[PDB]
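[1] Coordinates only, no sequence provided:
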């Protein structure tokens, strides 16, 4: 009968009495100078309590070994560095062909493709996602500069940043 | 009980295990995919979600250990703020979560160690990456934590003025008037310093603290 | 060479980044064969590829990577002596583990490191082999074959040179043994270097504290019987003409305490040297100076010798230090119980000259409270300041409280409800709330409690109680020994000294008898109290209200609060009715315990226990039978039934009660138990004298880690009860209950467990003696209802 | 020529069946379940009833307080949680002539492999014993007592389907073994002490049950619809005694019995400590068939 | 009401007599600190005075207190000492 | 439980019984158990038809070497003492010269008895306990104690003439390095694989030299079970090592003539032209003097605790920890005969003189044997 914590979500930390500074009269200073318990002022700017997303930032999973499957902010990566830079294009066009993804315009004489939006499902939280992915594969050399830019992210039809 | 499969399969099923609130099979698959792929091109991602699992499953010491080794072996990142915030919230959850509070037990007296560490952590955060997305929650929790520590020190000052040893009273309230000179505790405390200057017959000092009580009395 | 690609084919450990960082064949310049050898040697020094076979392809190099990732596992074959954790940490101590890349060129040396660890544990014959196994597309694991011969055996702990004392004496006082008694198995003949060093220290001390101040070890030799089987140990000494002590010369800077120092430097002129007494006198000086405040002095002894006459003189040096060491005393790890709870029991207060003994009184009291498993003092110093200290108590909690229930059964319905919780430090606030009760087909029962043990800050501890107990006993309709009784209490009690306490406070105990069976004892009482019923008539209604004046004492002095290992315990506890009450009795129990440790590590400890009792009437009247002392059962006299020792009631005959069906309620009607004859009840007399004794030995199987929380014990009981008003003249043909000389012993074992339900207990016993009709019980416990 | 010795030996068979087929127990009816438990130990309280419906007409009553820890050693086969168990029986019964009671105790170890989906394949090696104290009113002969033993088997075999969160389908199979005593006496009604000396009974009691457990849920209280069915037989019902009626010698022995029991039990798991659960059984097909028997259980993990 | 038990109470700055008879005017912070200890009750609110208060409470024997206030200067030199034997007014009982 | 927790290496019990001749036991006198199970060097010797044996803890008997009659049986362990007779713990090795039988002790004393009665001729003390068969030469009586202290002793007075010093590692074998003599020059084993030497007149450490890998800090296995006793030849000196990695050298030089670091031999002998010895692991093997070239081996007795071998009537003898006695040919190389006598096992070096053969078991303590 000691310790049975449970922190699946708690809302007692939006109500503490705000810090009312301690005025002082004529003559009697006080040496706060050991102040390390000092909350610096910083503008806003975000959510509080259960309006935040403790859910970790996106970082995708590598399909091929040797793929920097990194995600920061709202952009992903699948950078691969193979022997020649004339191998990934047929594989990705085969994926887009046989896996039945839709794309409006594709200059097949080039490698810059602008697509339509794609939807994914994830029962992790109680929300869903949809967005438009754009892989820009340009052969800087025996490497391959891959970048993905998301133009609109609609949540079940509603664009939200 | 590891099913030897392709890695992204393991991740898909682990993500679905997170989905279902099936944290146990989740941490199982994640732990496996992580330790048996000690240089996977995504070990960062699996580590992060592993910490998330640990925490949300409410078994903290492992979470702290994982966060710490994450800091050690990846001392920079584009996503360090999440690591720091998670360390902080780990501590603050260690602080007071015995649901025995149903009886309304003000838990301000049990040791203020975890609260102190949580304050150090969140402060390091808010002074590191102020314009991040994990800021306003951090500031709110900092306000709360400062108030909590102050209430602990006031509890000890009150007990000493009960027993009698007045010099200890004057020192503990010197503390709560040197480090927390904002909160509600210290404004509830100052009369203790008035009293415990009067008992020692050091009148002039009592008149000083009287002035100070008067000037912030409202 | 212009290299367009550096083939890192199938690494499975490293990427191309760490490769290029650790690359000798870096792009940009003209590579040569020296750089080729550099690449091979760099991959070797990293050791990630079974055969680094670099091949040039026109202008690019490619290494024929052979798979030596990964170490898929670390398989161990029946170590039987060492936990696999030690083996894995000793293996990573050598340099290979899971997830790494194999090192084929080290397996033999790793096995040899295992051999070394085994030499370290006293088991010399040992061989270990490594085997590799294929698995899908990368995995090849290394298992460790094992062959562990036998732990060697100390054959003979010799000693040479000793002409003063006999060899067997020193052998015995050692920590190692070469001859262990079968009938007294203590230790085993196995050898360990740590024990050897400790034994050398012990022998050196043993000669030192005899006068032989110049004694010294000369060498040491430990041979290995050329069979991998036996150990021979020889020790060479030089006794050296014991000396006598001449006179202490304590000198230095005392800071005005010369007197008591002198009184701690008293040596009868002509006393033999005694090393242990030198170090004890030195430590006593340290502690004395550590009381008045100087907590950190430095004191050196120096036995300046004189081999000419062969007598010795002691110089002593002392230093002052400084005082006001305490500035802030904070606790740690007390995450459930309040902070005022702990500071109530600190006899060293902030802002005050550090008194080491005071802090230690603190530690003691914190222990003797009971709420805490372990209490560890400490004394840090604050940097920057010379003479200030922050005492800090590391405190780890324990589960107080309980939840005691159980059903058990008996007669033909399926009803029993004994429940109860005793929280004892309820929510940390220091209180002790205890509420237990039970229902039944007939008997209701309820009892409350609360006792704030710091109703003030001096120590005055106010208590409380309340109890309702209706023994309605509707066997068929009514008139069946109804016994309605309730009442309350208040028990205010202060301390008198650092250990004792007194008590006080009143209690009011309503009671109502109805229609009891006309026995002999109850009727002696009744007839003595004016009210005389019809000798053979079931009907009678006796109701009495009274009041009292409780009072007590205690003496609590232990070393812990739950599983003690030293000290004592007592508490007289009385009662008396104030005039105006409706019966005049007075009783005085007297519990007791005692502990005495056998070991110095406090594992073996002989227990001790007793209880006593009495009762009387204050003029003519008698102690109302409803409060006699029962005795027997768990926790009082093990082995028997509960409340079954002492006299057995008698019965008058009976004819009519309006409740006596055919062969129902055999309670001394016509059908059974006629005019005076002895049944097998347990009515209980007044007096009582229950001794006991135990023997506490460590648990036999559980590692210390939580073998701290179990204590097994053998024991030995006794017991008795009589009736100092039991006439014997007119009741000859019946056992003389008035005779105390009717001890009823027992013996057996016992085991305890501090499980989250609180203290459990289990005990097998045997009634080494009995009397007329004493139901035995060779098994008892308290997770439910007994055997 | 004792034609009522028929009924008398029938009463003896009845007390044999009483003892043994009163002291039988699944892991059900005795701990409810141990699937998905956490903690260290408990207090496996238990109570029952169970009036019989054989040729005599009898009654029942029990109590089965217990205790035992279970360390979590996942070693062999399917999930194995080995555990310890001791028990204490205070049976109480009656009949159409006489009555009796008994105190009793034994060890009750078990396992929780059960395919990890519900089989009851476990290690219930129950060791129980008795010492029956019985009165006798067929001419007031009154007393004849003894000890006895009942060594258990345990595991039952159930291949779970579990197509949803509700189906608990699994068969049962058990077989126990014991012996009673050489109860030797003489019933005296006609001057010459008419004797009966039952050498032993040493039976072998088997059943082949099947379970159709139906799950359920609350916020944090798991309920169930525990129904079941299956055979229950014996193998060696020797029970051959003497007939010393003073008119001659005669040997009459018992035969194997056969009954199909019906069970409509349930279970509850409110507030993960308690596992309260109140069950009910019924039987059919003629021989010592039990009719009104409820079975209330309990447990309190720590 | 009549009372029986209470432990002892100690409040810092032990003081002999000779040591007090040592510190004179003109000294420096460091010197006094070296001659008596570190004053464990300072004065924050303003001027630079130290407070040496010796208060011993012997378990229902009244109360004894030798208050002593040292007032330093701006730079750290000493300018005045105010010594006081057992506190004014009755200590109680 | 206790019985099923041991695992060691095994030993082939008793192969190929061949018993060509008739093994006999003349007498079985019982001088008294005895060496018990403690390892030691008590090898009863023989001179002029008189046998002088000893136990571990007690007496010293004089046996008539034709039938076994006790000429006299003194008891050196002190009649007085502290506990009970103060068991003298005789662990030296009985010897003979003049009229004395030197008997090394374990209480660091070196008795010196008399042939006729037992009147102690003198009795010295020596730093550390003796453990080696004391040797007689030119008056001097060397003894190599268990401290690496070759404290020489004068003969008719127990006078300590000098004391050389040697090293001592931590885990030594039971350091038993008997000395020898050659041309007034003393050769001596050691406890670190270092065959030293000393001029037998003053104590001049002529030269030290490391021979091979002795147990410790370069440890060979814990079964390096050997006697460092060297031997002399016409002009060349052989020696095992403190593990036995055989070596050869000359008196003045010590420059190794060759090396055979494959057989860590234990308690060896030579004769004339060919070595004979017992291996680290019981592999009795011949060898040719001029160079360590094997002649024939044998491996019947692996992990059977043996004793040093003996030449006798063109045959070689060996003992064992099982009480048997395995005659062996001098050429190839297999068994010749077999027997067993005692059931307590042999543990000490037998002897050979006047056709007589002798050995002492742990309990029977004597079995004169002739085939």
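    In hand now; what should we look at? Residues are numbered from 1 along each chain as shown, chains lettered A, B, ... in the order given.

[2] burial count for the residue of the stretch 151-300 of chain D at minimum distance from chain B?
    Using CB to the nearest CB, residue D:165 is the residue of the stretch 151-300 of chain D that sits closest to chain B, at 12.4 Å. Quick note: C-beta positions are derived from backbone N, CA and C, even for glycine. When neighbours are counted by other CB atoms under 10 Å in any protein chain shown, residue D:165 registers 8.

[3] and what of residue F:235?
    Residue F:235 has 9 neighbours, counted by other CB under 10 Å.

[4] And it, its phi and psi?
    As for residue F:235, its main-chain torsions (degrees, to the nearest 10) stand at phi -140, psi 0.

[5] do you know how far it is from residue F:277?
    Distance, residue F:235 to residue F:277, by CB to CB, to the nearest Å: 21 Å.

[6] just to revisit the earlier point, from chain C, how far off is the residue of the stretch 151-300 of chain D closest to chain B?
    Applying CB to the nearest CB, to the nearest Å, the value for residue D:165 to chain C is 31 Å.

[7] For the residue nearest to that residue when sequence neighbours are not counted, list the residues it contacts.
    Nearest non-adjacent residue to residue D:165, counting by CB to CB, 6 or more residues apart in numbering or on different chains: residue D:215, 5.9 Å away. For residue D:215, the contact set (CB atoms under 8 Å, 6 or more residues apart in numbering or on different chains) comprises D:165, D:166, D:167, D:168, D:222, D:224, D:225.

[8] run the last query once more with 10 Å
    The neighbourhood of residue D:215, defined by CB atoms under 10 Å, 6 or more residues apart in numbering or on different chains, consists of D:162, D:164, D:165, D:166, D:167, D:168, D:222, D:223, D:224, D:225, D:226, D:267.

[9] I'd say the fourth one and residue D:225 touch.
    Yes - here residue D:166 lies in contact with residue D:225, judged by CB atoms under 10 Å, at a distance of 8.5 Å.

[10] tell me, what's touching the two both at once?
    Contacts common to residue D:166 and residue D:225, judged by CB under 10 Å, 6+ apart, are D:213, D:214, D:215, D:216.

[11] From the residues you listed, pick the one nearest chain E.
    For the shared contacts of residue D:166 and residue D:225, the nearest to chain E is residue D:216 (61.7 Å; CB to the nearest CB).

[12] Surely that closest one and residue D:164 touch.
    No - using CB under 10 Å, residue D:216 makes no contact with residue D:164, being 11.5 Å away.

[13] more neighbours, those two?
    Neighbour totals were compared for residue D:216 and residue D:164, and residue D:216 leads with 14 against 8 (other CB under 10 Å).

[14] Now do the contacts for the closest residue to that one other than its chain neighbours.
    Sequence neighbours aside, residue D:223 is the residue nearest to residue D:216 in space, at 4.2 Å (criterion: CB to CB, 6+ apart). Residue D:223 makes contacts with D:214, D:215, D:216, D:217, D:266, D:267, D:268, D:269, D:270, D:277, as judged by CB under 10 Å, 6+ apart.

[15] who touches the closest residue to the fifth one other than its chain neighbours in this structure?
    Pointing back at residue D:266 there. Distances taken as CB to CB, 6+ apart place residue D:226 nearest to residue D:266, at 5.2 Å, with adjacent residues excluded. Contact partners of residue D:226, counting by CB under 10 Å, 6+ apart, are D:28-29, D:32-33, D:168, D:211-215, D:263-267, D:277, D:279-280.

[16] ok, of those residues, which come out buried?
    D:28-29, D:32-33, D:168, D:211, D:213, D:215, D:263, D:265-267, D:277, D:279-280 (16 or more other CB atoms under 10 Å in any protein chain shown).

[17] mind listing which of those residues are in strands?
    Mapping the buried ones among the contacts of residue D:226 onto strands (DSSP state E) picks out D:168, D:211, D:213, D:215, D:263, D:266, D:267, D:277, D:279, D:280.

[18] and of the residues you listed, the nearest to chain E?
    Using CB to the nearest CB, these come closest to chain E at residue D:277, 55.8 Å.

[19] Neighbours of residue D:253, how many?
    The burial count for residue D:253: 11, using other CB under 10 Å.

[20] quick one, what contacts it?
    Applying CB under 10 Å, 6+ apart, we find residue D:253 in contact with D:9, D:13, D:237, D:238, D:239, D:240, D:241.

[21] Thought residue D:179 was touching the fifth one, still the case?
    No - the pair residue D:239 and residue D:179 fails to qualify as a contact (CB under 10 Å) at a distance of 11.2 Å.

[22] where do the contact lists of the two overlap?
    Residues touching both residue D:239 and residue D:179 (CB under 10 Å, 6+ apart): D:199, D:200, D:201, D:202, D:203.

[23] Buried members of those residues into PyMOL, please.
    Those of the shared contacts of residue D:239 and residue D:179 that count as buried under 16+ other CB under 10 Å are selected in PyMOL with:
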select buried, chain D and resi 199+200+201+203
